[PDB]
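In case you want the letters, here they are:
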Amino acid sequence: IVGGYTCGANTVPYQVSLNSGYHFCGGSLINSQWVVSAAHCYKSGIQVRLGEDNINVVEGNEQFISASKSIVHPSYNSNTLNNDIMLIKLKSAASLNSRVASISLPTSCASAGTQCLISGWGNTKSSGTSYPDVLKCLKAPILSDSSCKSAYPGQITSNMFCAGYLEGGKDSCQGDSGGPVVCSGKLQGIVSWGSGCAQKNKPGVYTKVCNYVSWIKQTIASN
Ligand SMILES: C[C@H](NCc1cc(C(=N)N)ccc1O)C(=O)O
Ligand SMILES: [Ca+2]
Ligand SMILES: [Mg+2]
């Protein structure tokens, strides 16, 4: 997260860190056994880490659970990043409490101007590499479809939306990928891509979760 602030220990209970000997992507807990992340975050040997703040120190409240299976959307296109969504089933159900809780799926899509909370342990520098120890937060609004498409001509599909600031200085970044975009208590987006980080006229692009609610439910029900 670039230009954000320190969230505060366990203030974002649904945030998860995907770990393979190091933090490589974020994710969101949607129930005791399932996590939603980005399809481009797929890899074998994933350990899901819940209840984290400082990802380099065991502070208490952490729960490390292995992924039993990862389900990348069948129509995911790695060239366009269309359908950039993946479901991860936990080997064992997580113990839900005040520090580890699930986030609700949306019943309807969010409108432009809606304020959302984006979080993650991704890079905090627009020019260079600097990964934080603790979870970072950023309040950002969903942009109009017209501004999004004007910023990324011919690269925005119906399954994506832009959020952020056109002036630059505030944005999600590498490492935040797969993480949550929560608006009014609902998971509306997944950190997907963007041109660089916090660059002017280049807002972040996110997977539009409201288009996948039926797919998520049907997939979870059959697995
Ligand atoms: C570098 C490029 N990722 C870019 C990227 C950009 C943003 C953003 N500006 N909001 C968020 C997450 C990302 O993963 C890539 O993975 O190829
Ligand atoms: Ca920790
Ligand atoms: Mg990336």
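Residues numbered from 1 in each chain as written, not as in the entry; some residues may be left out. Chains lettered and ligands numbered in written order. Heavy atoms only, no water.

Here we look at the side chain of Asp53
Part 1 of the reasoning: Turning to its location among the elements, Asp53 is positioned in the loop between strand 5 (47-50) and strand 6 (63-72).
Part 2 of the reasoning: The side chain of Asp53 sits in the buried core without any salt bridge; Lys136 is the nearest counter-charge, 8.9 Å away.
Part 3 of the reasoning: For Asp53, the contacting residues outside a window of four places in its chain are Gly8, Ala9, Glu59, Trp121, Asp133, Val134 and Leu135. (Helix = DSSP H or I, 4+ residues; strand = E, 2+ residues; numbered from the N terminus. Buried < 20%, exposed > 50% of the residue type's maximum accessible area, 1.4 Å probe, protein only. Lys, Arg positive; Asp, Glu negative; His and termini not counted. Salt bridge = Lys/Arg side-chain N within 4 Å of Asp/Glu carboxyl O. Contact = heavy atoms within 4.5 Å.)

Brief notes about helix 2 (residues 213-221)
Part 1 of the reasoning: For helix 2, the set of buried residues is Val213, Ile216 and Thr219. End-on, the buried residues of helix 2 take up no more than an arc of 140°, which puts them together on one face. Exposed residues pointing more than 90 degrees away from the buried face of helix 2 are listed as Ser214, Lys217, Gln218 and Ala221.
Part 2 of the reasoning: Where helix 2 is buried, its residues contact strand 3 (23-31), strand 6 and strand 7 (86-90). (Arc of directions from axis to C-beta.)

Topic: the pairing of strand 10 (residues 160-163)
Regular strands have side chains that alternate between both faces of the sheet.
Part 1 of the reasoning: Residues of strand 10 alternate between two faces, with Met160 and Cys162 on one and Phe161 and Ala163 on the opposite face, all of them buried.
Part 2 of the reasoning: Pairing geometry for strand 10 and strand 13 (residues 204-208), over 4 bridges, is antiparallel. In the sheet register, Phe161 faces strand 13, and the bridge partner there is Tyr206. (Pairing = 2+ DSSP bridges.)

Limitation: the analysis is restricted to geometry and does not speak to function.
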